[PDB]
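Comments concern the structure below.
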Amino acid sequence: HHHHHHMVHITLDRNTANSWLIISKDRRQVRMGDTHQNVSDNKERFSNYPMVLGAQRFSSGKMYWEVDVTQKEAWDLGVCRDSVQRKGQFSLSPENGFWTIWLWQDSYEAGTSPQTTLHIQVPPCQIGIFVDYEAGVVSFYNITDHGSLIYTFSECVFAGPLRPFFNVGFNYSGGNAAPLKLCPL
Ligand SMILES: CC(C)N(C)c1ncnc2c1cnn2C
Ligand SMILES: CC(C)N(C)c1ncnc2c1cnn2C
(Lines give C-alpha, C1' and ligand atoms only; values in the text may rest on other atoms or scores of the structure.)
(Ligands and ions follow the chains in the order given, each with its own letter.)
Protein backbone atom coordinates (compact mmCIF):
# COMPACT_ATOMS: atom_id res chain seq x y z
CA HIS A 1 0.00 0.00 0.00
CA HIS A 2 0.96 3.73 -0.40
CA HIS A 3 -1.05 5.12 2.64
CA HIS A 4 2.08 5.74 4.84
CA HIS A 5 2.16 9.57 4.09
CA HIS A 6 -1.27 9.93 5.93
CA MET A 7 0.48 8.81 9.17
CA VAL A 8 -0.97 10.45 12.32
CA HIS A 9 0.52 10.42 15.87
CA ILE A 10 -2.02 8.58 18.05
CA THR A 11 -1.97 8.76 21.87
CA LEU A 12 -4.18 6.80 24.32
CA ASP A 13 -6.85 8.57 26.44
CA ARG A 14 -6.37 7.34 30.11
CA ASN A 15 -9.87 8.51 31.04
CA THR A 16 -11.55 6.01 28.65
CA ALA A 17 -9.47 3.04 29.80
CA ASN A 18 -10.87 0.05 31.67
CA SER A 19 -9.69 0.38 35.30
CA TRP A 20 -7.27 -2.63 35.02
CA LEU A 21 -5.24 -1.11 32.11
CA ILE A 22 -1.79 0.43 32.50
CA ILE A 23 -1.01 3.14 29.92
CA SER A 24 2.67 4.19 29.60
CA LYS A 25 3.93 7.73 30.41
CA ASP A 26 4.24 8.56 26.68
CA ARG A 27 0.57 7.35 26.17
CA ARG A 28 1.78 5.09 23.34
CA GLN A 29 1.56 1.63 25.05
CA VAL A 30 -1.16 -0.20 27.00
CA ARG A 31 -1.23 -3.54 28.82
CA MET A 32 -3.50 -5.53 31.12
CA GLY A 33 -2.62 -5.16 34.81
CA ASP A 34 -3.08 -8.11 37.24
CA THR A 35 -5.48 -5.93 39.44
CA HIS A 36 -7.56 -2.69 39.55
CA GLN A 37 -5.13 0.20 38.88
CA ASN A 38 -6.51 2.48 41.67
CA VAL A 39 -8.31 5.00 39.40
CA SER A 40 -11.74 6.59 40.12
CA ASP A 41 -14.71 5.40 37.97
CA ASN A 42 -16.23 7.71 35.30
CA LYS A 43 -18.84 7.39 32.57
CA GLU A 44 -16.19 7.21 29.79
CA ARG A 45 -14.45 3.96 31.03
CA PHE A 46 -15.14 0.69 29.28
CA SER A 47 -16.41 -1.44 32.23
CA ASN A 48 -16.66 -5.01 30.93
CA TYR A 49 -13.61 -5.46 28.60
CA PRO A 50 -9.92 -4.35 28.55
CA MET A 51 -10.62 -1.49 26.06
CA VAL A 52 -9.27 2.05 25.63
CA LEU A 53 -9.71 4.83 22.98
CA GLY A 54 -7.20 7.12 21.27
CA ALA A 55 -7.44 10.80 22.26
CA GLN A 56 -7.67 11.91 18.60
CA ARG A 57 -11.12 12.48 16.97
CA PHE A 58 -11.47 12.32 13.18
CA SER A 59 -14.41 13.77 11.20
CA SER A 60 -12.75 14.17 7.71
CA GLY A 61 -9.66 13.20 5.70
CA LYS A 62 -7.37 10.23 5.41
CA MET A 63 -5.53 8.83 8.48
CA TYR A 64 -3.02 5.97 8.93
CA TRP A 65 -1.34 4.44 12.02
CA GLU A 66 0.40 1.22 13.06
CA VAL A 67 0.07 -1.00 16.12
CA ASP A 68 2.51 -3.64 17.45
CA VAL A 69 0.76 -6.91 18.55
CA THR A 70 3.93 -9.05 19.06
CA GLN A 71 3.37 -12.24 21.11
CA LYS A 72 -0.30 -11.55 21.95
CA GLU A 73 -2.91 -14.32 21.84
CA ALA A 74 -6.02 -12.06 21.72
CA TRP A 75 -6.77 -8.39 20.87
CA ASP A 76 -9.17 -6.14 18.93
CA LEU A 77 -8.06 -3.14 16.80
CA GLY A 78 -9.73 -0.53 14.61
CA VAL A 79 -11.95 2.55 15.03
CA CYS A 80 -15.17 3.38 16.63
CA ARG A 81 -17.70 6.17 16.95
CA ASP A 82 -17.05 8.60 19.74
CA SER A 83 -20.52 7.73 21.15
CA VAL A 84 -20.19 3.90 21.44
CA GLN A 85 -21.62 2.26 24.56
CA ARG A 86 -19.04 2.04 27.42
CA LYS A 87 -20.96 0.01 30.10
CA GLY A 88 -22.18 -3.57 30.04
CA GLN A 89 -21.95 -6.22 27.34
CA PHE A 90 -22.12 -5.42 23.59
CA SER A 91 -21.32 -6.80 20.11
CA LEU A 92 -18.26 -5.45 18.20
CA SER A 93 -20.00 -4.55 14.86
CA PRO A 94 -20.74 -1.60 12.53
CA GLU A 95 -24.37 -1.55 13.85
CA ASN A 96 -22.89 -0.71 17.31
CA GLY A 97 -20.39 1.82 15.90
CA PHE A 98 -17.21 -0.36 15.56
CA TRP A 99 -14.98 -1.15 12.54
CA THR A 100 -12.50 -3.71 13.90
CA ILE A 101 -10.54 -6.94 13.36
CA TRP A 102 -9.35 -9.34 16.05
CA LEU A 103 -7.24 -12.33 16.96
CA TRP A 104 -8.89 -14.99 19.14
CA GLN A 105 -8.06 -18.74 19.60
CA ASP A 106 -5.51 -18.88 16.81
CA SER A 107 -7.80 -17.29 14.10
CA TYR A 108 -8.24 -13.75 12.77
CA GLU A 109 -11.76 -12.35 12.10
CA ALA A 110 -13.31 -9.05 10.98
CA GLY A 111 -15.98 -7.60 13.29
CA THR A 112 -18.89 -7.74 10.84
CA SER A 113 -22.23 -9.18 12.05
CA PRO A 114 -21.86 -12.08 11.87
CA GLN A 115 -18.02 -12.06 11.93
CA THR A 116 -15.96 -12.80 8.81
CA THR A 117 -13.03 -15.23 8.61
CA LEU A 118 -9.73 -13.59 7.61
CA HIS A 119 -7.05 -15.39 5.48
CA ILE A 120 -3.59 -14.59 6.96
CA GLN A 121 -0.59 -16.83 5.96
CA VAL A 122 2.04 -14.75 7.91
CA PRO A 123 0.83 -13.96 11.47
CA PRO A 124 1.25 -10.22 11.86
CA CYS A 125 3.51 -8.59 14.46
CA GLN A 126 2.39 -5.06 13.35
CA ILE A 127 -1.01 -4.00 11.88
CA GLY A 128 -1.57 -0.87 9.71
CA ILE A 129 -4.98 0.87 9.95
CA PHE A 130 -6.18 3.26 7.23
CA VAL A 131 -9.35 5.40 7.48
CA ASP A 132 -10.78 7.41 4.56
CA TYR A 133 -13.60 9.35 6.21
CA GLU A 134 -15.16 10.78 3.02
CA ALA A 135 -15.01 7.48 1.11
CA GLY A 136 -16.43 5.47 4.08
CA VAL A 137 -13.47 3.02 4.17
CA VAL A 138 -11.52 1.31 6.97
CA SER A 139 -8.66 -0.97 5.81
CA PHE A 140 -6.19 -3.19 7.67
CA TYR A 141 -2.69 -4.13 6.45
CA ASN A 142 -0.16 -6.85 7.51
CA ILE A 143 3.08 -4.87 8.02
CA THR A 144 5.05 -8.15 8.73
CA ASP A 145 4.02 -9.39 5.20
CA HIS A 146 5.14 -6.31 3.14
CA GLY A 147 1.86 -4.42 3.79
CA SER A 148 -0.50 -7.03 2.31
CA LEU A 149 -4.27 -6.31 2.67
CA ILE A 150 -6.05 -8.06 5.56
CA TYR A 151 -9.57 -6.56 5.27
CA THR A 152 -11.54 -3.57 3.90
CA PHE A 153 -14.80 -2.31 5.38
CA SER A 154 -16.46 -0.25 2.61
CA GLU A 155 -19.82 1.59 2.49
CA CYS A 156 -19.14 2.54 6.14
CA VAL A 157 -21.78 4.74 7.79
CA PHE A 158 -19.60 6.32 10.51
CA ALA A 159 -22.45 8.69 11.65
CA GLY A 160 -20.18 10.63 14.03
CA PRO A 161 -16.60 11.48 14.86
CA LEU A 162 -14.23 8.45 14.94
CA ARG A 163 -11.70 7.47 17.59
CA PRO A 164 -8.88 4.90 17.41
CA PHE A 165 -10.05 1.72 19.26
CA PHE A 166 -7.98 -0.88 21.19
CA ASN A 167 -8.65 -4.03 23.24
CA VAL A 168 -5.60 -5.71 24.85
CA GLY A 169 -7.71 -8.81 25.64
CA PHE A 170 -8.04 -10.77 28.87
CA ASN A 171 -5.10 -12.77 30.21
CA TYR A 172 -6.85 -15.88 31.64
CA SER A 173 -4.18 -18.09 29.94
CA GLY A 174 -1.06 -16.31 31.29
CA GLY A 175 0.06 -16.07 27.62
CA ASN A 176 -1.54 -12.69 26.70
CA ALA A 177 0.23 -10.19 29.03
CA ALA A 178 2.16 -8.42 26.24
CA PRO A 179 1.19 -4.79 25.43
CA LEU A 180 -0.32 -3.10 22.38
CA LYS A 181 2.17 -0.43 21.25
CA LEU A 182 1.67 2.47 18.82
CA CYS A 183 4.66 2.22 16.39
CA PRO A 184 6.75 5.29 15.51
CA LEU A 185 6.19 7.14 12.20
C1 LIG B 1 -15.77 -14.96 19.35
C2 LIG B 1 -16.08 -13.63 20.02
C3 LIG B 1 -17.47 -13.65 20.63
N4 LIG B 1 -15.03 -13.23 20.99
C5 LIG B 1 -14.90 -14.12 22.12
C6 LIG B 1 -14.23 -12.13 20.81
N7 LIG B 1 -14.60 -11.23 19.86
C8 LIG B 1 -13.84 -10.15 19.65
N9 LIG B 1 -12.72 -9.79 20.27
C10 LIG B 1 -12.35 -10.67 21.22
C11 LIG B 1 -13.06 -11.85 21.57
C12 LIG B 1 -12.26 -12.42 22.59
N13 LIG B 1 -11.21 -11.68 22.89
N14 LIG B 1 -11.25 -10.60 22.03
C15 LIG B 1 -10.21 -9.58 22.12
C1 LIG C 1 -16.96 -7.04 23.09
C2 LIG C 1 -16.71 -8.54 23.00
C3 LIG C 1 -16.84 -9.03 21.57
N4 LIG C 1 -15.43 -8.98 23.59
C5 LIG C 1 -14.30 -8.08 23.36
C6 LIG C 1 -15.27 -10.16 24.24
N7 LIG C 1 -14.05 -10.41 24.77
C8 LIG C 1 -13.84 -11.57 25.40
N9 LIG C 1 -14.69 -12.59 25.57
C10 LIG C 1 -15.89 -12.35 25.02
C11 LIG C 1 -16.27 -11.17 24.35
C12 LIG C 1 -17.61 -11.42 23.98
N13 LIG C 1 -18.03 -12.61 24.39
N14 LIG C 1 -16.97 -13.18 25.04
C15 LIG C 1 -17.08 -14.52 25.62
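Start at 1 and go down the list; that is how both ligands and their atoms are numbered. If you read the sequence from its start, that first residue is 1, and numbering goes on from there.
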By number and element, which atoms of ligand 1 are closer than 4.0 Å to a non-hydrogen atom of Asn167?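 Taking each heavy atom of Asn167 in turn, ligand 1 has 15 (C) under 4.0 Å.
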Which ligand 1 atoms are under 4.0 Å away from a heavy-atom of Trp75?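 Those qualifying, in numeric order: 15 (C).
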Testing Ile120, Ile127, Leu149 for side-chain contact (heavy atoms from CB on, under 4.5 Å) with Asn142, which one passes?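 When side-chain contact (heavy atoms from CB on, under 4.5 Å) is applied between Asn142 and each of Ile120, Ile127, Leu149, only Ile120 qualifies.
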With atoms numbered from 1 as shown, which atoms in ligand 2 lie under 4.0 angstrom from a non-hydrogen atom of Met51?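 Listed by number with element, the hits are 1 (C), 5 (C).
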At a 4.0 Å threshold, what atoms of ligand 2 neighbour a non-hydrogen atom of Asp76?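 Listed by number with element, the hits are 5 (C).
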With a cut-off of 6.0 Å (strictly less than), are more than 12 heavy atoms of other residues, nucleotides or ligands near CD of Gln121?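 12 or below, so no.
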Is it true that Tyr133 and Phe58 have ring centroids separated by less than 6.0 Å?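 Ring centres of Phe58 and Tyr133 not closer than 6.0 Å.
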Under the 4.0 Å line, does any protein heavy atom show up next to atom 3 (C) of ligand 1?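 For atom 3 (C) of ligand 1 the answer is no, since every protein heavy atom stays at 4.0 Å or beyond.
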Within the structure, does at least one protein heavy atom fall under 4.0 Å of atom 10 (C) of ligand 2?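 No.
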Shortest protein contact, [atom] (heavy atom only):
| atom | value |
| --- | --- |
| atom 13 (N) of ligand 1 | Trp104 CE3, 3.3 Å |
| atom 7 (N) of ligand 2 | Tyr49 CD2, 4.0 Å |
| atom 1 (C) of ligand 2 | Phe90 O, 3.3 Å |

salt_bridge(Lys181, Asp26) N-O dist < 4.0 Å: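 The answer is no: the pair does not qualify as a salt bridge.
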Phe170, portion touching ligand 1 at heavy-atom distance under 4.0 Å: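 No part of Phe170 comes within reach of ligand 1.
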Do you know which of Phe98, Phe90, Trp75, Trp102 makes ring-ring contact (aromatic ring centres under 6.0 Å, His included) with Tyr49?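 Answer to the ring-ring contact (aromatic ring centres under 6.0 Å, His included) test with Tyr49 among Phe98, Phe90, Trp75, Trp102: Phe90.
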